[PDB]
Amino acid sequence: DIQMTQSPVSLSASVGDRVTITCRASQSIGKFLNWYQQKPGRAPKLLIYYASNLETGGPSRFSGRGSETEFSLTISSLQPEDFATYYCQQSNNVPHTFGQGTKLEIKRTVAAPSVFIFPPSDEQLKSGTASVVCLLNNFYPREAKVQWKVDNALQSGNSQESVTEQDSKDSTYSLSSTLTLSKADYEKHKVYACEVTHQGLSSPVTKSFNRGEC
Amino acid sequence: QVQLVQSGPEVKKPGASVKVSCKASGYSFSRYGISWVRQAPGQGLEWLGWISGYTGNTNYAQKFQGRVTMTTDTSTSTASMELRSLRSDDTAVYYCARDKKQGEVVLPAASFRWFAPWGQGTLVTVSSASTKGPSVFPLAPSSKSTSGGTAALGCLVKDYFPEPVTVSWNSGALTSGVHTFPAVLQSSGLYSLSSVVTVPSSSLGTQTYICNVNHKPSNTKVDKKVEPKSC
Amino acid sequence: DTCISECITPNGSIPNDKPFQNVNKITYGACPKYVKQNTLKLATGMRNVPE
Amino acid sequence: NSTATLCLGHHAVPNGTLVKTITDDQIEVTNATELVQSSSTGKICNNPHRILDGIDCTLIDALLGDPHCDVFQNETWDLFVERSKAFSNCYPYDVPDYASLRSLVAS
Amino acid sequence: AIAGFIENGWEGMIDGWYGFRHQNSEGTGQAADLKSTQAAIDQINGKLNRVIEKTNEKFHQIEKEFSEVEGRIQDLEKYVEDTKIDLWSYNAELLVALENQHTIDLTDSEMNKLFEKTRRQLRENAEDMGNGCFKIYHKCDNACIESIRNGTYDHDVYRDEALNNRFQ
Amino acid sequence: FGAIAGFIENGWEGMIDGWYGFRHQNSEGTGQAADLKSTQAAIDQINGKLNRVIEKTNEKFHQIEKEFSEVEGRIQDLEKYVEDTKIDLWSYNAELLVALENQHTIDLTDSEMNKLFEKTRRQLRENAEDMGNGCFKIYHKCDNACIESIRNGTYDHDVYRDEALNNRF
Amino acid sequence: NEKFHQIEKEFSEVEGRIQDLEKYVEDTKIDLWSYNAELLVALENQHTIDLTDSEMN
Ligand SMILES: *[C@@H]1O[C@H](CO)[C@@H](O)[C@H](O)[C@H]1NC(C)=O
Ligand SMILES: *[C@@H]1O[C@H](CO)[C@@H](O)[C@H](O)[C@H]1NC(C)=O
Ligand SMILES: *[C@@H]1O[C@H](CO)[C@@H](O)[C@H](O)[C@H]1NC(C)=O
Ligand SMILES: *[C@@H]1O[C@H](CO)[C@@H](O)[C@H](O)[C@H]1NC(C)=O
Ligand SMILES: *[C@@H]1O[C@H](CO)[C@@H](O)[C@H](O)[C@H]1NC(C)=O
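Residues numbered from 1 in each chain as written, not as in the entry; some residues may be left out. Chains lettered and ligands numbered in written order. Part of a larger assembly, values for the part shown. Heavy atoms only, no water.

- This deposited entry lists X-ray crystallography as its structure determination method and 2.503 Å as its resolution.

### Let's talk about the pairing of strand 5 (residues 45-52) of chain B
All names here are of chain B.
Here's step 1: With 7 of 8 residues buried, strand 5 is to be regarded as a mostly interior element.
Here's step 2: Where strand 4 (residues 32-39) lies against strand 5, 7 bridges are found, and the strand directions are antiparallel. Counted as the bridge partner of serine 35 is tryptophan 50 from strand 5.
Here's step 3: Hairpin connection, strand 4 to strand 5: the antiparallel pair is bridged by 5 residues, and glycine 42 has positive phi, about 65°.
Here's step 4: Two elements, strand 5 and strand 6 (residues 58-60), share 3 bridges in a ladder whose sense is antiparallel. Across the sheet, the residue bridging to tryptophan 50 is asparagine 59, located in strand 6. (Buried < 20%, exposed > 50% of the residue type's maximum accessible area, 1.4 Å probe, protein only. Helix = DSSP H or I, 4+ residues; strand = E, 2+ residues; numbered from the N terminus. Pairing = 2+ DSSP bridges.)

### A short note on the pattern of salt bridges
Side-chain pairs of opposite charge can arise whenever the charged atoms involved come near each other.
Here's step 1: Summed over the entire model, instances satisfying the criterion amount to 59 salt bridges over all chains.
Here's step 2: For the salt bridge of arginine 52 of chain F with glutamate 93 of chain E, the shortest nitrogen-to-oxygen distance reads 3.1 Å. Here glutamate 93 of chain E lies in helix 2 (residues 72-122) and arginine 52 of chain F lies in helix 1 (residues 36-53), a pairing that spans two chains.
Here's step 3: Residue classification places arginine 52 of chain F among the buried residues on the basis of a relative accessible area of 12%.
Here's step 4: Across the pair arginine 166 of chain E and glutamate 124 of chain E runs a salt bridge whose closest N-O atoms are separated by 3.0 Å. (Salt bridge = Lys/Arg side-chain N within 4 Å of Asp/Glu carboxyl O.)

### Remarks on the sheet that holds strand 16 (residues 159-163) of chain A
All names here are of chain A.
Here's step 1: Strand order in this open sheet of 4 strands is 12-13-17-16, and the pairing throughout is antiparallel. Looking along the sheet, the strands with just one partner apiece sit at the ends: strand 12 (114-118) and strand 16. Averaged over neighbouring strand pairs, the angle between their axes works out to 15° when direction is ignored.
Here's step 2: Here strand 12 runs beside strand 13 (residues 129-139); their pairing, made up of 5 bridges, is antiparallel. Bridging from a neighbouring strand, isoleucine 117 pairs with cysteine 134 of strand 13. (Axes fitted to C-alpha atoms, helices over the stretch in contact; angles between N-to-C directions.)

### Some remarks on the domain arrangement of chain A
Residues and elements named next belong to chain A.
Here's step 1: Partitioning chain A into structural domains gives domain 1 (1-108) and domain 2 (109-214).
Here's step 2: Taking only C-alpha atoms, the centre of domain 1 and the centre of domain 2 are 36 Å apart.
Here's step 3: Contacts between the two partners involve 6 residues from domain 1, matched on the other side by 11 residues from domain 2.
Here's step 4: Its largest share of buried area at the contact with domain 2, domain 1 owes to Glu105, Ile106 and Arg108, together 80% of the area lost on that side.
Here's step 5: Counting every contact that joins domain 1 to domain 2 gives 1 salt bridge.
Here's step 6: Close ionic contact of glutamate 165 with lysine 103 constitutes a salt bridge, the shortest N to O distance being 2.9 Å.
Here's step 7: Between domain 1 and domain 2 we count 5 residue pairs in polar contact in total.
Here's step 8: When its residues are assigned to classes, the side of domain 1 that touches domain 2 shows 1 nonpolar, 1 polar and 4 charged. (Domains from an automatic or database assignment. Contact = heavy atoms within 4.5 Å. Buried area = accessible area lost by both parts, 1.4 Å probe. Polar contact = N/O pair within 3.5 Å; in protein donor to acceptor, adjacent residues only side chain to side chain. Nonpolar A, V, L, I, M, F, W, Y, C, P; charged D, E, K, R; others polar.)

### Let's talk about the interface of chain C and chain D
Here's step 1: Counting residues at the interface gives 36 residues for chain C and 36 residues for chain D.
Here's step 2: Between chain C and chain D the total buried area reaches about 3,200 Å² when both faces are included, carbon and sulfur atoms providing 58% of it.
Here's step 3: Per-residue buried area on chain C facing chain D is highest for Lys41, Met46 and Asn48 of chain C; these three make up 21% of the total on that side.
Here's step 4: For the pair chain C and chain D, the interface holds 24 residue pairs in polar contact.
Here's step 5: Within the residue set of the side of chain C that touches chain D, elements represented by two or more residues are strand 1 (7-9), strand 2 (12-14), strand 3 (20-21), strand 4 (28-30) and strand 6 (41-43) of chain C.
Here's step 6: Here the side of chain C that touches chain D is composed, by residue class, of 15 nonpolar, 15 polar and 6 charged.
Here's step 7: Note: strand 3 of chain C against strand 5 (residues 36-37) of chain D, 2 bridges, orientation parallel. By the bridge assignment, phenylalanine 20 of chain C is partnered in strand 5 of chain D with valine 36 of chain D.

### Some words on the environment of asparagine 144 of chain F
All names here are of chain F.
Here's step 1: Here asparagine 144 shows up in helix 3 (residues 144-151).
Here's step 2: Sequence separation between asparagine 144 and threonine 85 is 59 residues, and the spatial gap between their C-alpha atoms is 64 Å.
Here's step 3: Beyond its immediate sequence surroundings of up to four residues, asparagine 144 is in contact with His24, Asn26 and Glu28.
Here's step 4: A distance of 3.4 Å separates a polar atom in the side chain of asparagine 144 from a polar atom in the side chain of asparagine 26.

### Considering the packing of helix 2 of chain E against helix 1 (residues 17-56) of chain G
Here's step 1: Close contact between helix 2 of chain E and helix 1 of chain G brings their axes to 11 Å; oriented N to C, the two are set at 15°. When the axes of helix 2 of chain E and helix 1 of chain G are compared, the pair comes out roughly parallel. The hand of the helix 2 of chain E/helix 1 of chain G crossing is left-handed.
Here's step 2: When grouped by side-chain class, the residues that make up the contact of helix 2 of chain E with helix 1 of chain G number 15 nonpolar, 6 polar and 5 charged. (Parallel < 35°, antiparallel > 145°, perpendicular 65-115°, else oblique. Left-handed = near helix turned anticlockwise from the far one by under 90°.)

### A short note on helix 1 of chain F
Here's step 1: Along its 18 residues, helix 1 of chain F runs 26 Å from first to last C-alpha, staying within 8% of the 26 Å computed at 1.5 Å per residue.
Here's step 2: Taken together, the buried positions of helix 1 of chain F are occupied by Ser38, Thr39, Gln40, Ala42, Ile43, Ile46, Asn47, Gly48, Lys49, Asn51 and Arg52 of chain F.
Here's step 3: Close packing links the buried residues of helix 1 of chain F with helix 2 of chain E together with helix 2 (74-124) of chain F. (Expected span 1.5 Å × (residues − 1).)

### Quick word on empty space enclosed by the protein
Here's step 1: Here the structure, examined in full by the defined rule, presents 6 cavities of 30 Å³ or more.
Here's step 2: In this model, the largest cavity occupies a volume close to 130 Å³.
Here's step 3: What lines the largest cavity is a set of 17 residues, and nearest its centre among them are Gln160 and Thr178 of chain A together with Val184, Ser192 and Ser194 of chain B.
Here's step 4: The residue inventory of the lining of the largest cavity, partitioned by class, reads 6 nonpolar, 9 polar and 2 charged.
Here's step 5: The calculated volume of the second largest cavity comes to roughly 100 Å³.
Here's step 6: Considering the residues around the second largest cavity, the lining is formed by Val80, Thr83, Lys84 and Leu87 of chain E, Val82, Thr85, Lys86 and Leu89 of chain F together with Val25, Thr28, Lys29 and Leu32 of chain G.
Here's step 7: Contributions of two or more residues to the lining of the second largest cavity are made by helix 2 of chain E, helix 2 of chain F together with helix 1 of chain G.
Here's step 8: Grouping the amino acids of the lining of the second largest cavity by side-chain chemistry returns 6 nonpolar, 3 polar and 3 charged. (1 Å grid on protein atoms, 1.4 Å probe; cavity = no way out; pocket = protein on both sides within 12 Å on 5 of 7 lines; lining within 4 Å. Points joined across faces, edges and corners; volume = space filled by probe spheres on them.)

### Section: the state of the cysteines
Residues and elements named next belong to chain E.
Here's step 1: According to the stated counting rule, one finds 11 disulfides over all chains in the structure shown.
Here's step 2: Bridging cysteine 140 to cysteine 144, the disulfide has an S-S length of 2.0 Å. Judged by the sign of its S-S torsion, about -95°, the cystine formed by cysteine 140 and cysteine 144 is left-handed. The same class applies to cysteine 140 and to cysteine 144, which are both buried. (Disulfide = S-S within 2.5 Å.)

### A closer look at the packing of aromatic side chains
Here's step 1: One pass over the structure, following the stated rule, counts 31 aromatic pairs over all chains.
Here's step 2: Here the aromatic rings of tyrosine 27 of chain B and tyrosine 32 of chain B are separated by 5.4 Å at their centres, their planes lie at 85°, and the arrangement is edge-to-face. In terms of burial, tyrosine 27 of chain B and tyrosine 32 of chain B fall into one category: buried.
Here's step 3: Relative to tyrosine 191 of chain B, the ring of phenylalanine 161 of chain B has its centre 6.4 Å away and its plane inclined at 10°; by these criteria the two rings are stacked. You can see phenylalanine 161 of chain B sitting in the loop between strand 12 (150-160) and strand 13 (165-169) and its partner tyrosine 191 of chain B sitting in strand 16 (residues 191-200), a full 30 residues away along the chain. The exposure classification of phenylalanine 161 of chain B matches that of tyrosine 191 of chain B, with both residues buried.
Here's step 4: Members of the aromatic cluster, connected to one another through ring pairs, are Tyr36 and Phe98 of chain A together with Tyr95, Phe115 and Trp118 of chain B.
Here's step 5: Here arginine 113 of chain B stacks its cationic end above the ring of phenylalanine 32 of chain A, 5.7 Å away from the centre of that ring. (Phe/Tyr/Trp six-rings, centres within 6.5 Å; stacked < 30°, edge-to-face > 60°. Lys NZ or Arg CZ within 6 Å of the ring centre and 35° of its normal.)

Structure (structure tokens):
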């Protein structure tokens, strides 16, 4: 299989910017390289075919160059519609292989998260399980680390994270980490904390609660 | 104009077989081929195979060989894709796309060796599970008013299958500061979801906050009033 | 080093059992001809048809 | 049984190799060999050619007789190897058409 | 259950490149054809020898790397060397492409030769099943199968039996 | 009175829906149909060599001067000689390439016609005879559905074997 | 193949750089044409044997 390597995997830019993303092939593919644009909830759409050809009806600001092993896609001036994920794909040999994709994201000033923590709702423990939710709201950039500590003991393998896409107005992210335990395990300990480390603070922030105390 | 229309979503058990159909219009079906691409949740694109509408010849990716069989019907301008011995691995959105001109020799720039147009996509979920109703637990505003001014409250929708579930606040009345997170798949094999909103902490004593969790595959409608803990 | 090799490149000695070479266009001795390809596969069997 | 069946066939392997022809970028054949030498040991073998290691000396420095190149007087070679670390340590000099004098001495 | 070369290849035949699979009253068996196997290998060995046959021995040449900008003469030294490399790179690309097409052609030819050689032996005693196999219309034991494989099969011995079986 | 005739020293200007095909004459009349698999098999090979002749990118920037406004002598003689040598060698390569390519294309398209004929010969077995002109005399009544079964490779020779052999002898 | 005034290909004196390039140019040409000739007769003879075998069949 021919391995396609896209660079970069993520890119932050402003409207009006000029951006170039790169596709590399493990062996020569001639000019049989296609570019597809995918917006979050939609199917992919062809943008550039055979290395340099703009798909009919496509915006003139999109252009592509390259041959053999090196390729590029250029946007002359960024537009609101252009923030999406871009894939390059080779059609020279079978199986057809895709690149891992380049995600175009809106650039923004740094914003620290506002952390919230929630003890398991008393009804949930009546059912038998306990879910502690740690919320990070309206932060940029996406990179963040969330560590759970129960009675100062660091946890591992019992939490799941979920991140939203960039907000339509402020272009920030939001993250939810859910520590799941059994009711028996949950009642054994007292303090429950989630520690958040992010670019927007000089030192990590910890929000905690005491079980059975409000 | 030129268009590909796919069949509806499917849900299947691990041992089963699924069959997706692709309906074409706006071009001669028999002069082109159809390729099949799938996309796992939150993942990149993956090519499955290709079939010619001119000859019926097929090319499958090595990893699906044996498992997939693709057919085409000229009389109804329809291509189909059958995947057998399914797995949780196969849970993805499956696309069809026109690919490769047939019946004539073509120079490279006229070869149509590119995927266009694409179908809307067919969603296939493979899990050892049955449709079940969602469960909602309140995420009450904690701490000392949380903070002097802005408080966060929410709803956790738990142990439901399959996707998706609507969530609104105050019957769509509250739409600012709201954040509904993408569902996550628990090892239990059932999804889980949270929806939260930030609101002025002074509004907690006067305003009532109710999350409405609407699920259709189980025909379940749950409303949850989220109020602060009183000690 | 203490070895025998007919072909010398600035990268060191290379064998000449292959007709072509991608190490260096600067050579001395009995050397393969320098080409730009990194690999050229010469079939030594028939078409492979499984099953 | 009143009849019999006799089949003719050829061998096959589980995992073959891809090669190119005039018409096809990749055909699976049972076996292939590589025709492009692309690796080296990193070392220059001292046989069968006579290799003269300059060490700190360039050929022109050994020709003129830079003191730290005195060891190269009357030397011969099939291949003279000049190193990056080489340096001159005598009187500052300049050779118009340095490349030509280097070529004809080295030849 | 047995099928010939028109359909696929045999991964179990590791004693040769071409051969026979049979099914008769005594059972089933497999045997490689040695002379046709070596006929293809001899040709592949030969092109491996010819590809390497001419020695390329060069000594003092021109300089190909330069540490200073000089202009006209250096432009020419670089252009000569880049011209040489592009032409040899073309020759290398064309050579393997032609050789590989010929290797594929000759090995396909050895298979057809063996099939037609068998067809000529059997004569009216057999029919082409269309899958690379012959239906031998007479009781052919192991010693009868070997006589086909070693080219001593006498069609006249079984012709009367076979023709009766062929036509009602 | 037009009798059909096959590919032996004869092409078909009337067949426009494919590169290779069948023409038949039976009780229901005469007909024609293209064979799509063998047509595309020859086209796929031509497409593949069209892709390979263009696959290399020849990208050059600063080179040598090739036109001169003044007589200079030795260095200019060498620059002209280098470029003239390069052009003659590439011209030879271009001439030999299209010669080898066309010879192979003519061979592979001739081969597809022979493969299709032999593929048909194997189907009919002892129910037909080679008329020598590229046609088969099918020695049994073969209606339109019987012709299509030959064209789509599902023709069962045992169904008609008794009838065919009785007509042959 | 019609060539008239070319480069000098034999030299009576040692000159260095320019003569090194003149010799390299001519040796490169001859090796490429020697390859073309060797491949030509090999390809042609293979085709001659094939076409004469084909006429018999
Ligand atoms: C002739 O060949 C060209 C490309 O080689 C192709 O585009 C064109 O369709 C062909 N002509 C016909 C009539 O098929
Ligand atoms: C050989 O060395 C050159 C630099 O002198 C370098 O560019 C090239 O990649 C090297 N090749 C190998 C195979 O070491
Ligand atoms: C091919 O088979 C070998 C075993 O002989 C295995 O090690 C290798 O990974 C296989 N390659 C592929 C691409 O499946
Ligand atoms: C050929 O095989 C038959 C049957 O085994 C045997 O009788 C005969 O001697 C063999 N001939 C040769 C030359 O091996
Ligand atoms: C082949 O043709 C026959 C006769 O028209 C028909 O009955 C059969 O269904 C066809 N099979 C296929 C695979 O088209």
